[PDB]
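>>> from the sequence below, what's the structure:
(one chain, ligands or ions: 3)
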Amino acid sequence: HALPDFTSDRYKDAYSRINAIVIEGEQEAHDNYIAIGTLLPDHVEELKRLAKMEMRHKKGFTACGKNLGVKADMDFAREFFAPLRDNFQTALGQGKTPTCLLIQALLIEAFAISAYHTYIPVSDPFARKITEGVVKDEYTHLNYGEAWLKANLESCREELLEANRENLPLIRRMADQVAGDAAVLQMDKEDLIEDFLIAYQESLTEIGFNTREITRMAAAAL
Ligand SMILES: CCOCCOCCOCCCCCCCCCCC=O
Ligand SMILES: [Fe+3]
Ligand SMILES: [Fe+3]
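Numbers count the residues shown, from 1 in each chain. Ligands and ions are numbered 1, 2, ... in the order given. Next comes the structure:
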């Protein structure tokens, strides 16, 4: 806390959707951290700094698409995120800070970390430097969210178990929907799943969940 042919129509086609998802994910991260600031007004300056970070990342990932001569399929990306975006919006409107934090700071960050770690060894030299820069910049020891959830665990255990039950399957469906395009990019779905589960288990351990609790939570993916 072998390399694909980056110039082929097959590669560019799959990249148009993967690149769009990463770009949209970064925009949504910016919007979510600002929204979280309305729930945690004393966290506004840290959340503004984290939102500026994600926008820097959005620009770097936009340049990855441009460098390969690929037009990002933004409509596909907006639809890909719509279920999780809807649940974040519902929790936000209800003032459900633990749900908002689990979605953004835990699920989405672990999803991003796994994607970046899996992509790095199979990426083009331009995108590799951008992605490595993004991982060597997803940072505090604990996120605004480990740290707030670690500090507030006793008041929000049941909501966290509910948020996980509702949102972890959405993350699994997202991984299923993009597995084909990820394989075109020479990424193995099993590596993505393994890295996500490890990153998510690490965050849950840090927050104060025990092994049995984590096992039951990870099982909600099915
Ligand atoms: C239940 C296992 O779920 C496995 C999910 O594995 C991750 C597969 O994701 C590959 C698609 C790439 C999407 C990257 C998301 C970018 C979000 C960046 C937002 C920054 O906080
Ligand atoms: Fe990011
Ligand atoms: Fe992030």
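>>> next to ligand 3, which bits of the protein? Give me the list.
Taking C-beta under 5 Å from the ion, the part of the chain that reaches ligand 3 is made up of 29, 138. For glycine as for every other residue, the C-beta is placed from the backbone atoms N, C-alpha and C.
>>> distance of the most centrally placed residue in the chain relative to residue 203?
Nearest to the mean C-alpha position of the chain, counting by C-alpha atoms, centre = their mean, stands residue 108 at 2.7 Å. Applying C-beta to C-beta, to the nearest Å, one obtains 11 Å for the distance of residue 108 from residue 203.
>>> next: residue 56.
Using C-beta to C-beta, residue 56 is found at 23 Å from residue 203.
>>> check residue 70 too.
The gap separating residue 70 from residue 203 is 32 Å, by C-beta to C-beta.
>>> who has more neighbours out of those two?
When neighbours are counted by other C-beta atoms under 10 Å, residue 70 and residue 203 differ, and residue 203 comes out ahead with 25 against 20.
>>> so the more buried one sits against residue 106, correct?
Yes - the pair residue 203 and residue 106 passes the contact test of C-beta atoms under 8 Å, sitting 5.1 Å apart.
>>> quickly list what's touching both of those two.
Both residue 203 and residue 106 are contacted by residue 143, under the criterion C-beta atoms under 8 Å, 6 or more residues apart in numbering.
>>> for ligand 1, what's its nearest residue on this protein.
residue 25 (2.6 Å; C-beta to the nearest ligand atom).
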